[PDB]
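Given as structure tokens, the chain that follows is alone and in the form deposited in one PDB entry.
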């Protein structure tokens, strides 16, 4: 008892970090180690050309299908975050519409080869050239830059998990009813994140460089929405008849 009281503080941070870590491990589509062992499996030049030969609307549908799969896994992660399921359906929805893509881009770092500038996509590792038919060179370059920048921090699986839970439970998304409860939850997650960050590299204070990325993610997800609305103005029926329903609902 007396010993239990002396540990209660940090024990609680460790407990929450382990909870979130586990939720992350069990809701990622692929194992980190799996992804790292096949970075050499890049598309061959012939396959690259084929993707480049596809029509704009065709490449967009494919990417939306692939992104929707990753989002499905992020929704499973959210469900397991303590507090998320206690919120009103309305706040649950607002946090997912705003954060599900941000968590995807965070998870992208586990499936990104920084030295060669390539991302795991449709079975192989893809250079930015694979996405040329989208007609979004700037948005694509921003995505890869983000991948490179998060990789350069060599975040551990537990670090990625707590950072995912952090930008997901943000109390500043517009239209939230329970700002105070969500805020108290993010604060805990953040103390837990700092706890695990210092466990590995009290060498710096990267928590700030990480929290700095938060603003970059919002701009990245903001551009996605802009590009998508621009695409939907030209291909309204492609979006309506061939885009995945969950992607439509979210974006």
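Residue numbers count along the first chain shown, from 1. What we label the rigid core is the largest C-alpha set whose atoms superpose within 1.5 Å from one form to the other.
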Self-check item: Of 207-215 and 31-39, the stretch whose C-alpha atoms average the higher B-factor in the entry
Solution: 207-215
Quiz item: Comparing 5-13 with 223-231, which stretch shows the greater average C-alpha B-factor in the deposited entry?
Solution: 5-13
Exercise. Can you pull the Cα B-factors for 58, 196, 64, 70 from the entry and say which is highest?
Key: 196
Quiz prompt | Given 88, 140, 108, 126, the residue at which the Cα B factor reaches its maximum | solution = 88
Self-check item: Position of residue 99 among the chain's modelled residues by C-alpha B-factor, lowest, middle or highest third
Solution: lowest
Practice problem: Place residue 115 in the lowest, middle or highest third of its chain's C-alpha B-factors, as listed in the PDB entry. | Solution: highest
Quiz item: Hey, what third does residue 154 fall into on Cα B-factor, ranked over its chain?
Solution: highest
Quiz prompt | Ranked against its chain, the third holding the CA B-factor of residue 81 | solution = highest
Practice problem: Among all modelled residues of this chain, ranked by Cα B factor, put residue 181 in the bottom, middle or top third, i.e. lowest, middle or highest. | Solution: highest
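Omitted from view is the form solved in complex with a partner chain, to which the following refers.
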Practice problem: Answer for residue 89 alone: is it within 4.5 Å of the partner chain in the entry with it bound, judged on heavy atom distances? | Solution: yes
Quiz item: Hey, in the entry with it bound, does residue 72 get a heavy atom within 4.5 angstroms of the partner chain?
Solution: yes
Quiz item: Taking 4.5 angstroms as the cut-off for heavy atoms, does residue 79 touch the partner chain in the entry with it bound?
Solution: yes
Quiz item: Going by a heavy atom distance of 4.5 Å, is residue 119 a contact of the partner chain in the entry with it bound?
Solution: no
Self-check item: Complete contact of 44, 47 and 126 with the partner chain in the entry with it bound (any heavy atom, 4.5 Å)
Solution: no
Quiz item: Just one stretch in 177-185, 91-99, 150-158, 136-144 has heavy atoms within 4.5 Å of the partner chain in the entry with it bound, so which one is it?
Solution: 91-99
Self-check item: Residue among 183, 26, 69, 204 whose Cα moves 2 Å or more between the shown form and the other one, once the rigid core is superposed
Solution: 204
